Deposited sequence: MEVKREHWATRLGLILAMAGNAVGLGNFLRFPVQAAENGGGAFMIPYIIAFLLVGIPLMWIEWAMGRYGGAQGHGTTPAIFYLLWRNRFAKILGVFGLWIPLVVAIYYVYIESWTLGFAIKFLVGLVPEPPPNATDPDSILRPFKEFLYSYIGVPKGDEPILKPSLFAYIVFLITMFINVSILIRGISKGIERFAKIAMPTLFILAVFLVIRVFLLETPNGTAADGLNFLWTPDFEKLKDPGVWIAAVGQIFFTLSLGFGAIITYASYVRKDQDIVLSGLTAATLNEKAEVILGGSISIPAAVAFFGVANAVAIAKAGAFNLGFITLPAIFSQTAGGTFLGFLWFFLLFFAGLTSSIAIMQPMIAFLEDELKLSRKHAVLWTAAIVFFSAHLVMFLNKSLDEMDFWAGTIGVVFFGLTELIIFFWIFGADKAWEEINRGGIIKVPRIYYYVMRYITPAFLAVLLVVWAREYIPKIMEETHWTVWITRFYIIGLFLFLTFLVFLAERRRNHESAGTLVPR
C-alpha cells in the first residue's frame, strides 16, 4: 500500500485537504450572516467539542483500516462492526465526497477562469462613486460566466470559456491524482501550501491598508472579534457554527479517513492530526477572516457588508472583493492574486475529496491507479453537467451532502468507532504510537459529549429548519435529488460487487 513519504508532507497534504474554499469563501459569509463576533463563540466551542475529537477519530479509523489494506468507510465500518448494515452506512463515505466534488470542482474552475481573465486584464471597467455603478459590472461579469437565468426557466448557460476552464481544471486534478499519494498529492502539497500561505498573508496586508469615508479594515476585525452573548441562545447560530466546523475541517467527508489510511501503522496521528486541524483554523480565522470582511466593511461599513454577505454565497468573493480591488492601483492584479489563492486552496481540497472514490476502486475492486483515477474523473465530469446547467442544483447538492450529510456521517462514525467497536479499544487505537497522548478529558467528550451535542443539533435541525425548506422549493430540486439518490444506489451496487469479488477470490485461495 502507498504511504506518505515524510511527516511534513503528510501534514501539508492533510492541511491542504482542510484549507480550501471553505476558509476563504464559506467562513466569511457564515460569520458575517451570524453577527460576526456572535458566531465566533459557538465556533470556538464547536472546534473544541467536535472538530478536534472527530479529527482524531477519523485519523485513527483511517490508519486502522489502511493497515489492513482498506481506506474507505464501506470496508472500514465493516472491520469495526461486522454487520451488513455497516457496509451500507459506509456508502455515505463515498457518496458524500463524490457529491461534494461534483459541485466543488466546478466552483474551483471558476476561480481558475477568473484568475486567467484578471491576469490578462479581460475584466469589467467600472465608471470612475455610485456603489451600484461599480458593483454592477462585476455582477454582470460573474453572471455571464456561469450563465445566470435571464428569463423564468431555471436553466443556466455557462460561457464557452467557463466550460473549457472546467475541463482544464479536471485535467489538472487528474494530473496530480494519477501520480498517487507520495509523488502526486504529497509533492504538490509541499509546493501549494507555502504558496497559499504567502499569497494569503500578502492579501491580508493589502486589505489592512484600506481606508474610506465609510471605515477601515480595523472596523472589520472588531466586528468579527467582538462577542455578542445575547446570540448564544439562538440555535441557528450553533447550527451554522457546527456546520462550518465540519465543512472546513473536511470532517464527515470520508476524506480525512482515506488520507490517514496511507499513514504507517505505527506512525503518530495525535500530534499530526492536531497540527493539521490547528493549521486550518489559523488559515480560516486569521487569513480567511481578515480578507473579505475587513475589505467589505472598510468600503461599505458593517451594515452594508452584512447585507452583501446575506445576498448570496458567492457575492462577496466573486463580485464584491474584486469590485473593491478595482478601486485601487494595481487592483486588477490583486484580483488575480485573490483568485489564484482560491484556486490553489480549492485544488488541494478537490484532490482530497476525490481520493476516497479512487481508493475504493483500487482497494475493493482492484483497479489500477490509472483506471481508478480516470473513471472517478469521468463520473465527476459527467455529473457536473447537472450543476453547470440546472439553476440551484449546486445548492441542493451542497445541502444534502455538504451540510446535512457530513453532520449525520460524523455522528455515525463516532457511534461505530466509540460505541460499537468499543470506547476503550478506540481510545487505545487513537493513542497508539502517539508522540503525545490525547488529554484524558477528551475520552469523556468523545464518548458522551460529542455524540449528544450532534444528536441534539440534528434533532433541532430536522424539526425547526428543514420542514420549511423541504416543502417550499421549486419542483426542479427533485431532478437533483433523483440523480444523487441514483448515485447512492450506484455506489451501493459497487460495494455489492466488491463483496462478491472478495468471496470468489477467497474461495479460490
How would you write out the unmodelled ranges of the deposited sequence, numbered from 1?
-> 1-4, 133-134, 516-519
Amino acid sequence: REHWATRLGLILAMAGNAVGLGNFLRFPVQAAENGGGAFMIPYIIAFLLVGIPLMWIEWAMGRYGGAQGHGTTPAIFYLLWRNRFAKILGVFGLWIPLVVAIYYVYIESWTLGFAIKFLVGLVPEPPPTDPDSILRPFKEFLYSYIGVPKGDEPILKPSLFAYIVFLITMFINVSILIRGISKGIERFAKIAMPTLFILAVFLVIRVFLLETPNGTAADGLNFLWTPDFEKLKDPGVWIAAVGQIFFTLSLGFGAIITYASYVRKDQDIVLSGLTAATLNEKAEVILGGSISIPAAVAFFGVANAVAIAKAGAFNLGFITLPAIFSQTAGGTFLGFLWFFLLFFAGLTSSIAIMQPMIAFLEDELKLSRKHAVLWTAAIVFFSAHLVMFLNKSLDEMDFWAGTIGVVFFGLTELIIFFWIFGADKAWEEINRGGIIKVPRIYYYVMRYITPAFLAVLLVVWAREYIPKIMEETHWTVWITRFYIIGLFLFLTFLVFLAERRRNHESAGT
From here on, numbers count along this sequence of modelled residues.
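Under this definition, the rigid core comprises the largest set of C-alpha atoms superposing within 1.5 Å between the forms.
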Please pick 417-425 or 234-242, whichever has its Cα atoms farther from the shown form in 7 other deposited structures of this protein after a rigid core fit.
-> 234-242
Hey, after superposing on the core, which one moves around more in 7 other deposited structures of this protein, 207-215 or 288-296, CA-wise?
-> 207-215
Please confirm whether residue 468, modelled here, goes without coordinates in at least one third of the other compared entries that cover both its neighbours.
-> yes
Go through the other compared entries with residues on either side of residue 273 and state whether a third or more give it no coordinates.
-> no
Determine, for stretches 119-127 and 271-279, which one has the higher mean CA B-factor as deposited.
-> 119-127
May I ask you to compare 473-481 and 441-449 by their mean CA B factor in the entry and name the higher one?
-> 441-449
Which of 54, 60, 38, 29 ranks first by CA B-factor in the deposited coordinates | 38
Highest-ranked of 112, 388, 316, 209 once sorted by CA temperature factor in the record = 209
Against its chain's modelled residues, does residue 83's Cα B factor rank lowest, middle or highest third?
-> highest
In terms of the chain's CA B-factor thirds, is residue 398 lowest, middle or highest?
-> lowest
Comparing against every modelled residue in the chain, figure out the third that the C-alpha B-factor of residue 428 lands in (lowest, middle or highest).
-> highest
Relative to the other modelled residues of the same chain, rank the CA B-factor of residue 137 and answer lowest, middle or highest third.
-> middle
Third of the chain, ranked by Cα B-factor, where residue 203 sits = middle
